[PDB]
Structures are given as structure tokens and as C-alpha cells.
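The block underneath contains the structure these notes are about, expressed in C-alpha cells.
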Amino acid sequence: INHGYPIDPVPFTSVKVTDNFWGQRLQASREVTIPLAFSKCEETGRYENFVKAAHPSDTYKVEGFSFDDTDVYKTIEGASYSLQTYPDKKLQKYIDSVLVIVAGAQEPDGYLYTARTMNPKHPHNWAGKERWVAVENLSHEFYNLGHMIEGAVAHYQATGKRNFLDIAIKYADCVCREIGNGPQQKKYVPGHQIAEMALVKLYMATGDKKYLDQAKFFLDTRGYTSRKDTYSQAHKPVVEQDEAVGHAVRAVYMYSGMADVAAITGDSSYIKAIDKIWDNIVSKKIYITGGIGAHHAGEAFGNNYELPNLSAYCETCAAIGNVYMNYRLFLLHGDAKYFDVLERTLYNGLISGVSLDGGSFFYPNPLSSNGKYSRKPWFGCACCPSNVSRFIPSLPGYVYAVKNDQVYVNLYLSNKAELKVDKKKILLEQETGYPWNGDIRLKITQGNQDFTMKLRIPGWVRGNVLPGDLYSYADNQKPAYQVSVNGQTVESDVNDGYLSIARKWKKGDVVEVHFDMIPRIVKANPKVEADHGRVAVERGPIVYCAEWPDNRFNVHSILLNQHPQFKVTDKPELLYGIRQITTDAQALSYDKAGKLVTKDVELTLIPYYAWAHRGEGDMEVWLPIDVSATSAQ
């Protein structure tokens, strides 16, 4: 059943990753992250909640969070993706055992929500006294449904079995029969959006239009209920929203649902709203790491241009949702600028949230540290680890896309892919050192077909830090790029951010691509007060930072040269293999006689994602280049 977007995804099952960067992240997800998250679901009581729901009792203290059941649904989602690329009888049998425990907690009419079922006389304090009554506050009853669906659909696609799917269908039918516009129903919308995107997905798996109508009901009714709160984007009808406000995850999950519903019903009204919201996010409310969410209070978007560094929120879940949103905008519009934003988030503020070994995570992802902040294996609220669990293995699904005769190449990494192009099979291989350098060989290894290959030419190689004027390059550098097909240079035009190559493609044909990767300094719009007198360091798609281990001085005390010169060096054995950046700078301090002293130092910079892997201490992304922004001790 067709999703309705004008461009088709190329699924993650079609793309075998052969590189070192992503390939190690994928291995780490399978060998450490998914096993750890299941192990934590046992250890922190997530399974016991379902067992308790199976034997209700007045005596249970219902504690944790009302959305804790989703940690289980999301880890099963991620495992289920893993199983499709890497079969594993034991993981698959383990999941069956978990699902028996999950199925036991479900009431006969399909309601599955352990925070009430465990102890209906004394339910979780966020659940309310009765079903649904606190849903637009913090019950998370429809959030739980959403993650349950996404988990179940994935498990069905991985196993051909319905032991998860049937549970989701039943809870979905419970919601659909009790919640709606009908006269024996109750008008309620999600307190935490996700059910909208998830119900489109369940429709696509089952053919039951009830689910699509429920998703549309959820969206269309928002803003017309008693709870008109900014926190959950219910301050206005969603079609009239034009700025990203409130809780960052809630926001991007709703914008993603708005996109899915729009595509599948051919309704452009939701699209005209998210186009404006996207413009607001990218021109006004996005960090240079691609993170979103400026305030601890509400885990929320700030005002326009409000981007503080130390107190930046940037929940890893929000980075993941930001990827979901931009991918969908790409599918609607066919412009690479959506993948520039997605690439920035993906390579920086998303992967910053999981350690390289896969065993610890971040909830918030700040752009500065004064120490006392490292990744943890889990949290009371485990939304980020379980989201990481589910995201990483799906990564190969983001690389390509196809519309008819048009093949989009959106990410650069070594991989072999099978593409369906006007109903003929095309095997395509990328070989590259990306993100570490800008050389890409693409080869047709099997098949022959006339088609147009669209190569994303990243914003960074064309002088655009991001779409819009939130940021600009503040050096003199003039990066260049070149493309060739079988030794003939393409000096065709960049349209919609792609260099487009139309020809008969055959086994043997080679595309060669070169992007200069030169260290850049980035300046923020002068309206961003936090970054006055400061610049950020970048190379290719990687944002850099200064961290304490590499620098025999206080990292918060540097003063970059007025016209900083940069050296890049390969470090294959440092932090899983990276390129570090070096620059000649000054470190400032106050001597014993009370005088400012400047000391010439070598400043060593690492990828932002690689910070915090070697001990708590100081870190800065936004480096002073003016004495107004310095700090001496």
C-alpha cells in the first residue's frame, strides 16, 4: 500500500554498508546497544510492569514514568530491524519470550498500558483516575500506542509473525472505538504526538483505513480542545502553525505525522504549515551541531535566535526526530537542502548521543561543558537509549531514493546497493573515505538502464552552512567540486541541490566525485547572542570541538588567531579513527601579580561526536575569536 510521497524510499534491506564509520556504528548497535537495552528493560523493572499488569493488585506502588512500556517497544523495533540485515535465532526467540510477557498485560478489549492495568484503583499519578482523561496532559496513553505500532510493524516485517502485530492492532482498535468524533466516543488528541505517524504505518501494513482516519482525526482536532498549550503544539490548529515551539520531540514527531498524512491523502494544507515551520527551525532555532531544543524547561525550542551553548538541550531523541522530519521533507520536495540539514544532525548532534562502543548515551547534548558530564548506560527516563536502539540499524535506509527514472544519492559512504529503477534491477557501489575526505567513486556493477543519477552536492561545498542565514562561513576559503562520468567532466547545472546526470547506465560505468574538504570557521547571525565574538570549527559534514584531553591548558581560555590557520592530521588509532584539526592560538590566564598573560599554544580539535569518551572535563564548540568572548582564570 502506497505511502503517497512523490519519491520512493530505498529500504535499509537494499543497502549493505561496507565502510568503516557507519559500519562500526552498526556493529556496535547490534553487539552492544540492543543487548544492553534489553538487559536494562529486565534490570529496571520494564518487564515486571507487564507481569504486574497480568496480576493486578491494590498493593502495587505505581512509580517510574507512564511511558516506560515504550522502552520495550522501541528496543524490539531496533532488534527487529537488526534481524533483517543480520539473522539471529536466539535474539528472535528472546523477542518471542518478551512478547508473551507483553501480551499478558493486555486487557480483553485491547487496552495495553501497565501504569493503569497494574493497579486500576491507584494508577500512576499521570494516568488519571479513568482511561484517557489525562491523555492531553502526561498520561502518554497514545504515545504508548504509537511506539507499540512501530515496534510491532517492524517485528512483523522482520519475522513474518503476528505475535507483536496482533497486540498493536488490539490496542489500536481500543483507541479507535473509544476515541473519536462519534457520539458514544470522546474527543481527545495525543499529549505527546507520534500516534499520527504510527497509525499511517499501521494502515500501510494492514489495509485498515480506520487507522488512517484516526491519525487524521488526531491532527485535525489538535488545537480545538481545552488544552491549548504551547508545550505540546496545541496552541493552534496544526495547519495554522508557522513556528516551531514547545517540546522539541513532540514537535518534530507531529511534523512527521503531518507529512505522512499529507502524502497519503494528497492534502497539501499540512505541508504548507510544515514548510514554514521548517524554515523557522533552520533559519532561527537550530544549533550548528544540527541539534534542536534550547531549554531544559520544557525540553523545548527557545525564541528565535536563542541558542545558548552550555544549557543547550538538544535531546538525542529530538535529533532523531529532526532526521525523521527532514527525510520526509526530502520525499515531498526533492531538494537536497533537506539532506544538508539531516546530514548535519546525523553526523553531529545525533551520534554525539551514543558512545562509539554502543554502551552509553546522552539525554541532553550541549555545545559546552565545564565538567561533570559523561554518557550513561541508562536513565530513569530511557527515551534516548531506546530511541538510539531503534534508529541506528535503520541508517542504510536513508542513503538513496528513487522516483521513476530519477535516482537520488543523498548520503556518501561505502556501500553496495540494489535499486529498482523503472522496474529493472541496478547494482551500485560507492567507495569513499567520506566523511574524512570528499572523494567518491560510484560504480554500476550489474544492470543496464537509462536513468538520471542525482548527486547531492552538499551545502557545505557550495558555501552554505545551512539553508538560510542563521550561519555563514567567516573565512576566505572557496571550496570547489568536480564530477566525471567515465572520464568526461559534468559541468551541468546544480538544480534543487543535485548535480543530475542522465544517460544509459551499464555494468562498468564509473562516476567520480570530488568535494574539497577544507577546515572552516563559522559565524552565527549577529542576533544569536550566545555566539557573539565566537566561531565554530567544521570540515566536510563534521563539526569540531575543543576538549580537555588534547590541550594542555584550559579549553575555555583560548583565543583564536584573528585569521586562524588550520592543519588536518589523520589519527587512525584515536577515538576509533579520526582526523584532528590543529591551530596556533593563545591561552589566557591571570598571573600572580594580577596581570593578564597570553601564552602561545597548539589547539587540537576533535569531532564533536567523539567528545566525552575519555573522562569528564571541559569542552567548547563555539571558540572565542575576540577578546570579548574570552575567559581567564
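Going by the C-alpha cells order, chains are called A, B, ..., each with residues numbered from 1, while ligands are numbered from 1 in the order shown.
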
| task | Would you kindly return, as a ChimeraX atom specification, each protein, DNA or RNA residue with an atom no farther than 7 Å from any atom of residue A:340, considering only C-alpha atoms and excluding same-chain residues fewer than 4 positions away? | result | /A:336,344,458-459,466

| said: So that I can check the surroundings of residue A:507, please list as a ChimeraX atom specification every protein, DNA and RNA residue that reaches within 12 Å of it, counting only C-alpha atoms and ignoring chain neighbours fewer than 3 positions away. | reply: /A:425-429,442-449,486,504,510

Selection above as a file: N, CA and C atoms, as a compact mmCIF listing (two decimals), in the first residue's frame:
# COMPACT_ATOMS: atom_id res chain seq x y z
N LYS A 425 16.48 -4.13 -12.16
CA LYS A 425 17.47 -4.13 -11.05
C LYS A 425 18.84 -3.52 -11.45
N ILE A 426 19.35 -2.61 -10.61
CA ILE A 426 20.62 -1.87 -10.81
C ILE A 426 21.40 -2.08 -9.55
N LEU A 427 22.60 -2.62 -9.67
CA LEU A 427 23.52 -2.71 -8.54
C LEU A 427 24.54 -1.61 -8.68
N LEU A 428 24.80 -0.95 -7.57
CA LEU A 428 25.50 0.30 -7.48
C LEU A 428 26.38 0.21 -6.23
N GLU A 429 27.63 0.59 -6.35
CA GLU A 429 28.55 0.56 -5.28
C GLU A 429 29.15 1.98 -5.08
N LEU A 442 31.49 6.04 -7.52
CA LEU A 442 30.30 5.23 -7.65
C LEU A 442 30.38 4.37 -8.89
N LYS A 443 30.12 3.05 -8.79
CA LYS A 443 30.16 2.15 -9.97
C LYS A 443 28.84 1.41 -10.20
N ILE A 444 28.36 1.33 -11.43
CA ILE A 444 27.30 0.38 -11.79
C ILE A 444 27.93 -1.00 -11.88
N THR A 445 27.57 -1.94 -10.99
CA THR A 445 28.17 -3.27 -11.02
C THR A 445 27.33 -4.35 -11.72
N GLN A 446 26.04 -4.12 -11.89
CA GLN A 446 25.16 -5.01 -12.65
C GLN A 446 24.02 -4.15 -13.14
N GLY A 447 23.40 -4.57 -14.22
CA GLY A 447 22.25 -3.92 -14.77
C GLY A 447 22.59 -2.92 -15.80
N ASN A 448 21.59 -2.51 -16.54
CA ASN A 448 21.75 -1.53 -17.55
C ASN A 448 20.39 -0.91 -17.72
N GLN A 449 20.31 0.40 -17.65
CA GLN A 449 19.06 1.15 -17.71
C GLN A 449 19.30 2.62 -17.94
N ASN A 486 32.70 8.34 -16.53
CA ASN A 486 33.64 7.67 -17.45
C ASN A 486 34.68 8.62 -18.05
N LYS A 504 22.30 6.24 -20.54
CA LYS A 504 22.24 4.79 -20.44
C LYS A 504 23.36 4.39 -19.53
N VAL A 510 31.49 4.34 -14.36
CA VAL A 510 32.03 4.91 -13.12
C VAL A 510 31.73 6.42 -13.06

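What separates atom CA of residue A:197 from atom CA of residue A:379 is a distance of 26.1 Å.
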
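When only C-alpha atoms are used to measure the gap to residue A:457, the shortest distance among A:160, A:120, A:377, A:540 belongs to A:540.
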
Residue A:101 environment, 12 Å, only C-alpha atoms, sequence neighbours closer than 4 positions dropped, as a PDB file with N, CA, C and O atoms, in the first residue's frame:
ATOM      1  N   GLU A  42      14.989  -5.580  31.634  1.00  0.00           N
ATOM      2  CA  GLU A  42      14.869  -6.544  32.750  1.00  0.00           C
ATOM      3  C   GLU A  42      15.221  -5.841  34.048  1.00  0.00           C
ATOM      4  O   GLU A  42      14.407  -5.797  34.986  1.00  0.00           O
ATOM      5  N   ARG A  46      11.067  -2.884  33.628  1.00  0.00           N
ATOM      6  CA  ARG A  46      10.161  -2.653  32.480  1.00  0.00           C
ATOM      7  C   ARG A  46       9.372  -3.911  32.190  1.00  0.00           C
ATOM      8  O   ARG A  46       8.208  -3.838  31.901  1.00  0.00           O
ATOM      9  N   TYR A  47      10.015  -5.061  32.262  1.00  0.00           N
ATOM     10  CA  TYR A  47       9.289  -6.330  32.106  1.00  0.00           C
ATOM     11  C   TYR A  47       8.334  -6.563  33.296  1.00  0.00           C
ATOM     12  O   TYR A  47       7.176  -6.963  33.044  1.00  0.00           O
ATOM     13  N   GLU A  48       8.806  -6.349  34.552  1.00  0.00           N
ATOM     14  CA  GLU A  48       7.965  -6.512  35.754  1.00  0.00           C
ATOM     15  C   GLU A  48       6.678  -5.716  35.656  1.00  0.00           C
ATOM     16  O   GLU A  48       5.656  -6.226  36.082  1.00  0.00           O
ATOM     17  N   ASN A  49       6.695  -4.514  35.084  1.00  0.00           N
ATOM     18  CA  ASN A  49       5.443  -3.781  34.893  1.00  0.00           C
ATOM     19  C   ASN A  49       4.369  -4.614  34.116  1.00  0.00           C
ATOM     20  O   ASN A  49       3.200  -4.617  34.497  1.00  0.00           O
ATOM     21  N   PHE A  50       4.757  -5.302  33.047  1.00  0.00           N
ATOM     22  CA  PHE A  50       3.812  -6.151  32.281  1.00  0.00           C
ATOM     23  C   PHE A  50       3.370  -7.349  33.139  1.00  0.00           C
ATOM     24  O   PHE A  50       2.245  -7.791  33.050  1.00  0.00           O
ATOM     25  N   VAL A  51       4.280  -7.884  33.938  1.00  0.00           N
ATOM     26  CA  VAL A  51       3.974  -9.056  34.778  1.00  0.00           C
ATOM     27  C   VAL A  51       2.985  -8.617  35.845  1.00  0.00           C
ATOM     28  O   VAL A  51       1.976  -9.275  36.062  1.00  0.00           O
ATOM     29  N   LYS A  52       3.255  -7.463  36.451  1.00  0.00           N
ATOM     30  CA  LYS A  52       2.328  -6.881  37.365  1.00  0.00           C
ATOM     31  C   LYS A  52       0.975  -6.562  36.738  1.00  0.00           C
ATOM     32  O   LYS A  52      -0.100  -6.769  37.374  1.00  0.00           O
ATOM     33  N   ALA A  53       0.977  -6.053  35.519  1.00  0.00           N
ATOM     34  CA  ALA A  53      -0.309  -5.777  34.868  1.00  0.00           C
ATOM     35  C   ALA A  53      -1.144  -7.052  34.661  1.00  0.00           C
ATOM     36  O   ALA A  53      -2.378  -6.983  34.643  1.00  0.00           O
ATOM     37  N   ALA A  54      -0.453  -8.183  34.486  1.00  0.00           N
ATOM     38  CA  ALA A  54      -1.117  -9.514  34.337  1.00  0.00           C
ATOM     39  C   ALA A  54      -1.795 -10.046  35.618  1.00  0.00           C
ATOM     40  O   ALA A  54      -2.716 -10.855  35.550  1.00  0.00           O
ATOM     41  N   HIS A  55      -1.317  -9.591  36.769  1.00  0.00           N
ATOM     42  CA  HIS A  55      -1.884  -9.926  38.087  1.00  0.00           C
ATOM     43  C   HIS A  55      -2.130  -8.650  38.852  1.00  0.00           C
ATOM     44  O   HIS A  55      -1.371  -8.371  39.768  1.00  0.00           O
ATOM     45  N   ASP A  69       6.672   1.578  29.333  1.00  0.00           N
ATOM     46  CA  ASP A  69       6.410   0.403  28.443  1.00  0.00           C
ATOM     47  C   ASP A  69       7.058   0.550  27.054  1.00  0.00           C
ATOM     48  O   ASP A  69       7.478  -0.448  26.443  1.00  0.00           O
ATOM     49  N   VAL A  72      10.458  -0.947  25.909  1.00  0.00           N
ATOM     50  CA  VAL A  72      10.423  -2.303  25.429  1.00  0.00           C
ATOM     51  C   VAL A  72      10.035  -2.305  23.942  1.00  0.00           C
ATOM     52  O   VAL A  72      10.671  -2.992  23.144  1.00  0.00           O
ATOM     53  N   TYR A  94      14.402 -14.891  21.924  1.00  0.00           N
ATOM     54  CA  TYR A  94      14.304 -13.924  23.061  1.00  0.00           C
ATOM     55  C   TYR A  94      13.084 -12.959  22.891  1.00  0.00           C
ATOM     56  O   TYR A  94      12.360 -12.679  23.840  1.00  0.00           O
ATOM     57  N   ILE A  95      12.843 -12.478  21.673  1.00  0.00           N
ATOM     58  CA  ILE A  95      11.795 -11.489  21.483  1.00  0.00           C
ATOM     59  C   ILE A  95      10.441 -12.125  21.676  1.00  0.00           C
ATOM     60  O   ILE A  95       9.559 -11.544  22.347  1.00  0.00           O
ATOM     61  N   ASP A  96      10.269 -13.316  21.129  1.00  0.00           N
ATOM     62  CA  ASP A  96       9.051 -14.102  21.423  1.00  0.00           C
ATOM     63  C   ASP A  96       8.741 -14.197  22.910  1.00  0.00           C
ATOM     64  O   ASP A  96       7.607 -13.976  23.295  1.00  0.00           O
ATOM     65  N   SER A  97       9.743 -14.436  23.750  1.00  0.00           N
ATOM     66  CA  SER A  97       9.535 -14.591  25.215  1.00  0.00           C
ATOM     67  C   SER A  97       9.120 -13.312  25.851  1.00  0.00           C
ATOM     68  O   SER A  97       8.261 -13.297  26.742  1.00  0.00           O
ATOM     69  N   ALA A 105      -0.231  -8.611  29.708  1.00  0.00           N
ATOM     70  CA  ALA A 105      -0.682  -7.380  30.329  1.00  0.00           C
ATOM     71  C   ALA A 105      -1.857  -6.730  29.645  1.00  0.00           C
ATOM     72  O   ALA A 105      -2.380  -5.705  30.137  1.00  0.00           O
ATOM     73  N   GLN A 106      -2.220  -7.218  28.461  1.00  0.00           N
ATOM     74  CA  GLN A 106      -3.253  -6.536  27.648  1.00  0.00           C
ATOM     75  C   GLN A 106      -4.666  -6.941  28.154  1.00  0.00           C
ATOM     76  O   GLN A 106      -4.969  -8.105  28.311  1.00  0.00           O
ATOM     77  N   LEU A 112      -3.642  -1.678  26.486  1.00  0.00           N
ATOM     78  CA  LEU A 112      -2.354  -2.144  26.941  1.00  0.00           C
ATOM     79  C   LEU A 112      -1.540  -0.966  27.424  1.00  0.00           C
ATOM     80  O   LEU A 112      -1.030  -0.157  26.602  1.00  0.00           O
ATOM     81  N   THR A 114       0.454  -0.423  31.267  1.00  0.00           N
ATOM     82  CA  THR A 114       0.684  -1.075  32.516  1.00  0.00           C
ATOM     83  C   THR A 114       0.500  -0.123  33.676  1.00  0.00           C
ATOM     84  O   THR A 114       0.085  -0.545  34.744  1.00  0.00           O
ATOM     85  N   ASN A 163       2.808 -12.096  16.473  1.00  0.00           N
ATOM     86  CA  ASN A 163       2.758 -12.128  17.948  1.00  0.00           C
ATOM     87  C   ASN A 163       2.999 -10.726  18.513  1.00  0.00           C
ATOM     88  O   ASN A 163       2.565 -10.478  19.650  1.00  0.00           O
ATOM     89  N   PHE A 164       3.622  -9.815  17.735  1.00  0.00           N
ATOM     90  CA  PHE A 164       3.638  -8.395  18.137  1.00  0.00           C
ATOM     91  C   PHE A 164       2.530  -7.629  17.425  1.00  0.00           C
ATOM     92  O   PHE A 164       1.760  -6.973  18.051  1.00  0.00           O
ATOM     93  N   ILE A 167      -0.954  -7.545  18.964  1.00  0.00           N
ATOM     94  CA  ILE A 167      -1.090  -6.766  20.189  1.00  0.00           C
ATOM     95  C   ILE A 167      -1.331  -5.303  19.836  1.00  0.00           C
ATOM     96  O   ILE A 167      -2.162  -4.626  20.483  1.00  0.00           O
TER      97      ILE A 167
END

| query | Within 10 Å of residue A:178, counting only C-alpha atoms, which residues qualify if same-chain residues fewer than 5 places away don't, as an NGL selection string? | reply | :A and (131-132 or 173 or 184-188)

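By chain and then residue number, the residues within 10 Å of residue A:35 are residues 29, 30, 31, 32, 38, 39, 40, 75, 79, 91, 358, 359 and 389 of chain A, counting only C-alpha atoms and disregarding those fewer than 3 positions away in sequence.
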
With N, CA, C and O atoms retained, write the just-selected residues as a PDB file, in the first residue's frame.
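Dumped everything to out08.pdb:
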ATOM      1  N   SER A  29      25.741  -1.144  17.424  1.00  0.00           N
ATOM      2  CA  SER A  29      24.312  -1.236  17.758  1.00  0.00           C
ATOM      3  C   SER A  29      23.867  -2.704  17.996  1.00  0.00           C
ATOM      4  O   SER A  29      23.117  -3.018  18.950  1.00  0.00           O
ATOM      5  N   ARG A  30      24.329  -3.601  17.134  1.00  0.00           N
ATOM      6  CA  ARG A  30      23.898  -4.998  17.211  1.00  0.00           C
ATOM      7  C   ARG A  30      24.556  -5.729  18.384  1.00  0.00           C
ATOM      8  O   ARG A  30      23.872  -6.451  19.104  1.00  0.00           O
ATOM      9  N   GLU A  31      25.858  -5.501  18.607  1.00  0.00           N
ATOM     10  CA  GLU A  31      26.599  -6.304  19.584  1.00  0.00           C
ATOM     11  C   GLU A  31      26.498  -5.736  20.958  1.00  0.00           C
ATOM     12  O   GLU A  31      26.690  -6.476  21.892  1.00  0.00           O
ATOM     13  N   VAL A  32      26.264  -4.422  21.115  1.00  0.00           N
ATOM     14  CA  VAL A  32      26.248  -3.851  22.471  1.00  0.00           C
ATOM     15  C   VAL A  32      24.939  -3.138  22.815  1.00  0.00           C
ATOM     16  O   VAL A  32      24.361  -3.377  23.875  1.00  0.00           O
ATOM     17  N   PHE A  38      17.852  -4.332  26.104  1.00  0.00           N
ATOM     18  CA  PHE A  38      17.017  -5.444  26.628  1.00  0.00           C
ATOM     19  C   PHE A  38      17.347  -5.799  28.089  1.00  0.00           C
ATOM     20  O   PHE A  38      16.424  -6.016  28.937  1.00  0.00           O
ATOM     21  N   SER A  39      18.649  -5.815  28.367  1.00  0.00           N
ATOM     22  CA  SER A  39      19.169  -6.141  29.681  1.00  0.00           C
ATOM     23  C   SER A  39      18.702  -5.103  30.702  1.00  0.00           C
ATOM     24  O   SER A  39      18.254  -5.438  31.793  1.00  0.00           O
ATOM     25  N   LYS A  40      18.751  -3.845  30.346  1.00  0.00           N
ATOM     26  CA  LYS A  40      18.170  -2.780  31.185  1.00  0.00           C
ATOM     27  C   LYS A  40      16.614  -2.831  31.350  1.00  0.00           C
ATOM     28  O   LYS A  40      16.066  -2.434  32.387  1.00  0.00           O
ATOM     29  N   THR A  75      13.050  -0.970  21.766  1.00  0.00           N
ATOM     30  CA  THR A  75      14.172  -1.892  21.635  1.00  0.00           C
ATOM     31  C   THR A  75      13.771  -3.032  20.712  1.00  0.00           C
ATOM     32  O   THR A  75      14.602  -3.544  19.949  1.00  0.00           O
ATOM     33  N   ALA A  79      15.872  -4.112  17.394  1.00  0.00           N
ATOM     34  CA  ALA A  79      16.214  -5.517  17.177  1.00  0.00           C
ATOM     35  C   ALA A  79      15.582  -6.063  15.927  1.00  0.00           C
ATOM     36  O   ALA A  79      16.197  -6.851  15.199  1.00  0.00           O
ATOM     37  N   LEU A  91      18.204 -14.094  19.305  1.00  0.00           N
ATOM     38  CA  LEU A  91      17.571 -12.785  19.527  1.00  0.00           C
ATOM     39  C   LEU A  91      16.063 -12.916  19.219  1.00  0.00           C
ATOM     40  O   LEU A  91      15.204 -12.471  19.994  1.00  0.00           O
ATOM     41  N   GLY A 358      28.841   1.739  21.878  1.00  0.00           N
ATOM     42  CA  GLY A 358      27.409   1.498  21.812  1.00  0.00           C
ATOM     43  C   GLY A 358      26.816   1.320  23.199  1.00  0.00           C
ATOM     44  O   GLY A 358      25.628   1.002  23.318  1.00  0.00           O
ATOM     45  N   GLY A 359      27.644   1.452  24.239  1.00  0.00           N
ATOM     46  CA  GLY A 359      27.205   1.121  25.616  1.00  0.00           C
ATOM     47  C   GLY A 359      26.779   2.256  26.540  1.00  0.00           C
ATOM     48  O   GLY A 359      26.444   2.011  27.729  1.00  0.00           O
ATOM     49  N   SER A 389      18.597   2.765  19.940  1.00  0.00           N
ATOM     50  CA  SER A 389      18.411   1.349  19.674  1.00  0.00           C
ATOM     51  C   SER A 389      17.651   1.130  18.393  1.00  0.00           C
ATOM     52  O   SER A 389      18.035   0.348  17.582  1.00  0.00           O
TER      53      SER A 389
END

List as a compact mmCIF listing (two decimals) with N, CA and C atoms, in the first residue's frame the protein and nucleic acid residues near residue A:2, meaning an atom at most 12 Å away when only C-alpha atoms are counted, but skip any in the same chain fewer than 2 places from it.
# COMPACT_ATOMS: atom_id res chain seq x y z
N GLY A 4 2.10 7.38 -0.72
CA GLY A 4 1.73 8.66 -1.42
C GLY A 4 2.80 9.77 -1.64
N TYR A 5 3.95 9.69 -1.02
CA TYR A 5 5.02 10.62 -1.36
C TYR A 5 5.39 10.55 -2.83
N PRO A 6 5.79 11.69 -3.42
CA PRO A 6 6.16 11.60 -4.86
C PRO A 6 7.52 10.97 -5.12
N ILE A 7 8.30 10.70 -4.09
CA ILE A 7 9.56 9.95 -4.26
C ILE A 7 9.55 8.71 -3.37
N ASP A 8 10.07 7.56 -3.85
CA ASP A 8 10.16 6.32 -3.06
C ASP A 8 11.43 6.16 -2.23
N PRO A 9 11.29 5.76 -0.97
CA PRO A 9 12.45 5.30 -0.24
C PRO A 9 13.14 4.12 -0.91
N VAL A 200 -0.53 5.82 10.47
CA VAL A 200 -0.39 5.75 8.99
C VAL A 200 0.36 4.46 8.62
N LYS A 201 1.42 4.20 9.36
CA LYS A 201 2.19 2.97 9.21
C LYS A 201 1.34 1.71 9.43
N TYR A 203 -1.89 1.43 9.01
CA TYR A 203 -2.75 1.38 7.84
C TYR A 203 -2.03 0.75 6.69
N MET A 204 -0.82 1.20 6.46
CA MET A 204 0.00 0.66 5.36
C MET A 204 0.30 -0.83 5.51
N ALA A 205 0.47 -1.33 6.74
CA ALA A 205 0.67 -2.78 7.00
C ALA A 205 -0.58 -3.67 6.94
N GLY A 207 -4.07 -2.57 5.69
CA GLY A 207 -5.12 -2.13 4.84
C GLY A 207 -6.35 -1.58 5.49
N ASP A 260 3.24 12.52 6.72
CA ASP A 260 2.74 11.21 6.30
C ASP A 260 1.27 11.26 5.91
N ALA A 263 0.87 13.17 2.59
CA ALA A 263 1.28 12.41 1.41
C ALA A 263 0.21 11.41 1.08
N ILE A 264 -0.25 10.67 2.08
CA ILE A 264 -1.09 9.54 1.77
C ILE A 264 -2.52 9.95 1.42
N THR A 265 -3.01 11.09 1.89
CA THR A 265 -4.31 11.66 1.46
C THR A 265 -4.20 12.79 0.40
N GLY A 266 -3.02 13.08 -0.15
CA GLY A 266 -2.88 14.12 -1.20
C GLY A 266 -3.35 15.51 -0.74

| field | Picked from stretch 286-523 of chain A by DSSP as strand (DSSP E), as number ranges by chain | value | A: 368-370, 400-403, 406-409, 415-421, 424-432, 439-446, 448-456, 471-473, 481-485, 488-490, 494-495, 498-506, 510-515, 520-523

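Distances from A:362, A:451, A:398, A:270 to residue A:324 were compared using only C-alpha atoms, and the smallest one belongs to A:398.
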